Amino acid sequence: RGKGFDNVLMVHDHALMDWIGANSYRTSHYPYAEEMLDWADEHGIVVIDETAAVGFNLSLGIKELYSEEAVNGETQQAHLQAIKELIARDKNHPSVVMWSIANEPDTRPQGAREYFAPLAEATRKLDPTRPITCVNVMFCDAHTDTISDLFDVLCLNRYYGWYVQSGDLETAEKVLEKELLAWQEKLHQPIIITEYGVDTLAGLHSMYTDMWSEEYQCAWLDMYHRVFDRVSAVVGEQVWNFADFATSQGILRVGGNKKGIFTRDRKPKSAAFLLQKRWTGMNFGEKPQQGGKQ
Amino acid sequence: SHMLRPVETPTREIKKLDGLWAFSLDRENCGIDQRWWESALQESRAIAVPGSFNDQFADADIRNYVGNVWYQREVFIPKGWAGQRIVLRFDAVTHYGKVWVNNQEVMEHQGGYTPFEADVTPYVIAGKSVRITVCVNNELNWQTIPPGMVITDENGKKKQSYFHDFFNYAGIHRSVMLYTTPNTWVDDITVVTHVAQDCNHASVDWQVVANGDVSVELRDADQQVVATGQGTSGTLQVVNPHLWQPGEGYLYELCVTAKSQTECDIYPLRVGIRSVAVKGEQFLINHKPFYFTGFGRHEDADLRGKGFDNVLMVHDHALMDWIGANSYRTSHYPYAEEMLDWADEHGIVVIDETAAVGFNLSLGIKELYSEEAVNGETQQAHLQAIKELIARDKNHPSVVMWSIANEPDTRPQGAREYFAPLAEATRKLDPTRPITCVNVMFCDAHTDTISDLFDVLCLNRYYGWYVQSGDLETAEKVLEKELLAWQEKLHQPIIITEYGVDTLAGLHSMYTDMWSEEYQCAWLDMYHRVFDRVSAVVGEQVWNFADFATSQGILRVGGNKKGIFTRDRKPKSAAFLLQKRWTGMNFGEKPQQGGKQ
Amino acid sequence: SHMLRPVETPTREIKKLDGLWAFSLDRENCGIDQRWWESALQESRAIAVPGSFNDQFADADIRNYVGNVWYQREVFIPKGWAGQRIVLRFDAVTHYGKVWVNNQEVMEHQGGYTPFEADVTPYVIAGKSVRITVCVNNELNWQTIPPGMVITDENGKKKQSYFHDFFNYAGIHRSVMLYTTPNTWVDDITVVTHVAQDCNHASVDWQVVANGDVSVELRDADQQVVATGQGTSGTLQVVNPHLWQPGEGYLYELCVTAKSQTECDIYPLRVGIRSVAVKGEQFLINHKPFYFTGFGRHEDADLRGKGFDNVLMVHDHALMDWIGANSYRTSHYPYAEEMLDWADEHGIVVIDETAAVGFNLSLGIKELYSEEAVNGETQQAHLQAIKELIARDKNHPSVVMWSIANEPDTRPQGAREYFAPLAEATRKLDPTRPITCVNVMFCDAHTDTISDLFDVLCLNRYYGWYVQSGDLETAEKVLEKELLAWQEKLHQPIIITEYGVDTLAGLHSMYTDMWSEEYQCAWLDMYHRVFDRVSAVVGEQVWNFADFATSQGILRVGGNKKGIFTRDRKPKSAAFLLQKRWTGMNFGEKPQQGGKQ
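Residues numbered from 1 in each chain as written, not as in the entry; some residues may be left out. Chains lettered and ligands numbered in written order. Part of a larger assembly, values for the part shown. Heavy atoms only, no water. Residues with missing side-chain atoms left out of burial classes, pairs and counts.

(A) Seen up close, the interface of chain B and chain C. Between chain B and chain C, the contact holds 32 residues from the first and 33 residues from the second. Considering each element in turn, the side of chain B that touches chain C owes the most residues, 8 residues, to helix α2 (residues 310–323) of chain B. Of the residues belonging to the side of chain B that touches chain C, the class tally is 17 nonpolar, 5 polar and 10 charged. (Contact = heavy atoms within 4.5 Å. Helix = DSSP H or I, 4+ residues; strand = E, 2+ residues; numbered from the N terminus. Nonpolar A, V, L, I, M, F, W, Y, C, P; charged D, E, K, R; others polar.)

See the structure below:
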């Protein structure tokens, strides 16, 4: 039963998270049901509410389609009502600490700053108790006409040696920090990476830490780690997918896309074993040592 | 310039391929500087030859390394080679190799997949140990074949990029041997075997000698003689029905004798009497329509990369045999000796290609005009690549066509300027076989180049995978209407040289979806449906014998899974599908109309 | 009849382990008296050597077949050889090979993991070609090493049944040369080095009964003659020595020299200053107490099983290197030439075993013979097995034991009695290197035969595997109190030779279940803690290196997944433990048995 509710799945996944040391997650690319109230509350799990606001590009084959004559008034107003309906529901829930208003929104073409800011300014008027956010794509340089200013914690989710720099970990780190440094200054606000990951086929090992192997995901993941906790600005790290999950038709994606730390049936990849040493060898809720004595 | 295959006779050959050699990485570019070929190879570990070197060591920085590498070997010249012409050849060294036999440089080569042999006695006296050093380079540029493009990092860090699919494995892939002939020796031969309405005839013979008087006799299926021949470079011999055919491989045995006043040289050459012609949208072999069924393949195995190994060749052919495959195309470069070996004895019909993939800037999934980065210079290298392959494969009856390139972009302006000469050039080199140039997806929007300047249409169709994702009925519609387009337009025979989908090995779905065995099957069955209803389709070659390693990228699951067989030769469900279809097919004859409503 | 594995100089040889001998099976029998060795081979098929005949043709009816197989190759004998003799060598034909040359029995053998030796130039011409027929026998019986029983099924379905894990891969698994040598020739050498913490002084001795006179030049590395004494047997000296170490394996080269008025022969054989003996309950070489770190191995590869590959060797060895194992047992049979090459050069310490395995009816985990077989003709054969095996590796610096048999049954009937005399024979064939034997799961003051006679008890078990299934904590309880038990009884050094689990390569789970990656890992280091916590334990060697093929049954799946690596060398998460643990040791020394708290 995809996208459907199960008491078991909730008791179990939550047990996974518990074990593996994650205190948080975004309901991603839509609102969930009632894991909110139950789990996050009771166990103090901090959630970053998102909206089913996703897929505002023609920009990633990785035709034609409409270019901002749609994604217009009737759609902004609908986007309005989406944020209405979503604050209606979780405005009490102690586990809600943000409102992500949209994921991966395109910020360059045409009339972007203009559609968007009024919605920052409406939601604001519906909750000022919890700061609002928005989730960035891979365009960066002093960059968004719309996202930069209006939001309180920039949430940036990328794959810096994945669809470009394929498997070059060392340069991808170079590019990673100098661009966190870049993102650091511009806004002098707190930065949370919301989708960091790789695609890894559950049962694949190899000596050369190849792409799509267990030992790549592991090497790759902790490449991030080092430049992560080495930047004052970074305050949130959230690995992109929990489990493999189904995806639309195409190539790039296989049986879903194998982007989970766990598999669809919750069997754990070797990456679950990193993120449980790292993630519990922290003190509760506090940045690790950004350097250890030498 | 001009060679023949070392066969053992009053010629003898010593195999020098124990491939226990001393390997070093010339990590900074100094091997040649510090004259490394003239002393003990420092830091030199043990490596196998024949074999690629990328995979042997389970080491990442050796795999994706890009400069230069050395091969050092202590070897022993036979006593008995007294006043003998002693030549040293390498059946292949992949992108570059110069050979120092004890501080004498004797040979260097460019073609990555063809032989190069240099030498007479002068540089070695019999009965003592020589130290052979090979410099192998693995760089591709715009004049190389394949083409390539190398990115240098901010810091003399060299990172090779290319435009083909399969991993750029480099090293001595094939056998290296020291071999000897007397001072009279047949240097080259050429045979052309005509047949007429099947009961009949002619076996043309041409010749070139190293100061000798060639006598020729074409002798045996049973060892008894059956024709005799005149002198240097002349003949036509004539007899009865015994032929070489797709089904069996039946081959005669023509030997060449040269004669100076004292010295002698007898070389034997196997001869398949077969007719190969294309007449009006039919590919005739011994004058009857033939139907290709088979594989595009690669020279790719599990630890040896592109290295050559007998066992695989024996196994893979048991698998091609079982599946009912009658043909294959050497998918992207010349293959080694599976030509005579096994393609000739069992009359497997081969399409052999040159090393030319990636003349395309479009297939991603720095740049801008596919010309004056493709030169009259590359054109030259290309012509050279061709020249060296026809050279070696000229006589193999297995080979029934030449493919001079794979999937070049023929939209740009010079495409036709570039191929037309290469087209006319390969025909003047061997008129006996049709030529072809394997097609990417283009049909009226296929453009200038030379489907028309070629003899039989080979089309690569890895379709739904990319264009109509996972859709069958829309995919069937365009396939058939495109295939027809190519009929009306060129009226030549059409071979589908690539058709299939990446399929994870054990991934089953009740919704046949992408990467599921169930899917591979439907997709393959769809194709067949439409082949079977388009007359000009005279052959199907499924894209891929087995999962083979690839270059970098997302569409690339480690060793992207293009195969029917796994890289460890295990059958995906799709194999049994082809077993039924192909062996259900009475041999070599296209099905009459394949389904019917 | 003992031998020396060829090398060259004015001994030369022609690798003729070429590919593609002709191949036929003998069913409805009839081969040996239908004079098949001439008039050659109707209806054969191509086969390659060296390798198995089993997996090559991807066929069950060949794979499982038992009985006689025919193998036939032609070869030109080199001119410039008419002077010397023409010795033909197979480095093994698996169970039984009856060589012929043009029409007459040339050699015969039953070993199977050891060499043959025959023709000294007398049978046919020094300058022409001569067909070489071989007949190979798969079958095993109780007087055969790897004993088994063949049951001819009703109307002749002759199935073979055996008593060990690995599959009954047969045929010419190894390199089949032929060689040259002058009529005075060295032959049958013997060397060995006794040392103190300071020096020195290895031994000259050998059977050159052929026309030769005596000369012995020993070299260090790099062509410096040092300390040479010239009479067939007089010991030598060291000014001060650079001694054979497991880290480095520095070895000397002494060129035996047999002088004559007619054609004197010089031979190169290298040698290493190995200090091999036991002292109390500790294992010392160059007089230090070091640790064994390896796997049990097998000669099993994906397409040519039990057959030789230069690549596989360069690669596997690279794996071991990376993963921190300095040792291994050739398991359940002798190998080929990884001995000399790798172990020597890299100082890898090997524990030679014999194809002595499967001496029980005792583990379904019928009837069969109970010690009326496994008798005299079989002990004598077991005798000859130890003969043939010491013949070969008595020089090899990497040989530090002789395991005489694996998993031998020690309780039923007449065990102490068959066995001790073989401890007492081998002793008489080498006292330079201590002998051993490998235990099964019966323990309590236990073996009638094994306990006393051997120098380092070698015990390989699975203490929470086929019993105590997955109970790690009690299995540890039981593990130590039984190492304690094994500790005292014999006050000798104890090496565990097969410790492992079965793990399906791609299986993870939260509950460290059986057959998961994270069980093998948890399980393996459960051993680890009780291991290095027992003074007595000096050797740990994980059972299998890679998955490998096994006989028919249930308990075992695709082999049995008992390797740290998979058959195609892809590494399980256990390779990642045994490489942290195994390199976070100091070279060759027991870890801290406790770390401060």
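Having put the structure on the table, let's press on.
(B) Summary view of the domain arrangement of chain B. All names here are of chain B. Domain boundaries in chain B define domain 1 (1–182), domain 2 (183–275) and domain 3 (276–597). Taken residue by residue, the interface counts 13 residues in domain 1 and 14 residues in domain 2. Both faces considered, domain 1 and domain 2 share a buried interface measuring about 1200 Å² in area, 55% of it formed by carbon and sulfur atoms. Of all residues in domain 1, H2, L4 and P182 bury the most surface against domain 2, accounting for 52% of the area lost on that side. There are 5 residue pairs in polar contact connecting domain 1 and domain 2. Looking at the side of domain 1 that touches domain 2 residue by residue, the class counts come to 5 nonpolar, 6 polar and 2 charged. (Domains from an automatic or database assignment. Buried area = accessible area lost by both parts, 1.4 Å probe. Polar contact = N/O pair within 3.5 Å; in protein donor to acceptor, adjacent residues only side chain to side chain.)

(C) Inspection of the sheet that holds strand β4 (residues 132–133) of chain A at higher detail. Residue and element names in this part refer to chain A. Within the open sheet, the 4 strands sit side by side as β1-β2-β3-β4. Their pairing is parallel. Bordering the open sheet on either side are β1 (24–25) and β4, each of which pairs with just one other strand. Pairing of strand β2 (residues 46–49) with strand β3 (residues 96–100), which is carried by 3 bridges, proceeds in the parallel orientation. Following the sheet pairing, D49 is matched in β3 by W99. (Pairing = 2+ DSSP bridges.)

(D) Examining the relation of the copies chain B and chain C more closely. Mapping chain B onto chain C leaves a residual RMSD of 1.2 Å; the transformation is a rotation of 180° accompanied by 0.1 Å of translation along its axis. Both copies are brought into coincidence by an operation consistent with a two-fold rotation axis. Relative to the rotation axis, the C-alpha of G80 of chain B is the closest in chain B, positioned 1.8 Å from it. Residue by residue, 88% of the interface of chain B is reproduced at the interface of chain C, so both copies engage with the same surface. (Least-squares fit on C-alpha atoms.)

(E) Highlighting the side chain of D309 of chain C. Positionally, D309 of chain C belongs in the loop between β19 (295–296) and α2 (310–323). Polar side-chain contacts of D309 of chain C include one of 2.9 Å to the backbone nitrogen of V311 of chain C. Here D309 of chain C is in contact with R304 of chain B together with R304 of chain C, once residues within four sequence places are set aside.

(F) Focus on the pairing of strand β27 (residues 537–546) of chain C. All names here are of chain C. The buried fraction of β27 amounts to 10 of the 10 residues, a majority that puts the element mostly inside the structure. Summarising the sheet, β19 and β27 pair through 2 bridges and their orientation is parallel. Paired with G296 across the two strands is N544, which belongs to β27. Relative to β27, strand β26 (residues 494–499) runs parallel, the two sharing 4 bridges. (Buried < 20%, exposed > 50% of the residue type's maximum accessible area, 1.4 Å probe, protein only.)

(G) Quick peek at a nonpolar patch on the surface. Residues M441, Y466 and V467 of chain B make up a contiguous nonpolar surface patch of roughly 270 Å² in combined accessible area. Following the sequence through the fold, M441 of chain B ends up in the loop between β26 (435–438) and β27 (457–460). (Patch = residues over 30% accessible without salt bridge, like charges linked within 9 Å, V, L, I, M, F, W, Y side chains within 5 Å. Areas by Shrake-Rupley, 256 points an atom, 1.4 Å probe, with all protein chains shown as cover. Salt bridge = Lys/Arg side-chain N within 4 Å of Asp/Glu carboxyl O.)

(H) Layout of the UniProt feature "active site" in chain B. All names here are of chain B. Per the UniProt record, "active site" is found at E407 and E498. Spatial clustering of the annotated residues is evident: they stretch over 92 residues in sequence, but the largest pairwise C-alpha distance comes to 10.9 Å. With respect to the secondary-structure elements, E407 resides in the loop between β25 (399–406) and α4 (415–429). Excluding its chain neighbours within four sequence positions, the residues that come into contact with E407 are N360, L363, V438, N439, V440, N460 and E498. Residue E498 is classed as buried on the basis of its relative accessible area, which comes to 6%. Aside from chain neighbours lying at most four places away, what touches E498 is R329, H332, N406, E407, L459, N460, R461, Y462, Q541 and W543. Here the side chain of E498 touches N460 through a polar contact of 3.3 Å, side chain to side chain. (UniProt positions renumbered as here; feature names shortened; annotations may be inferred.)

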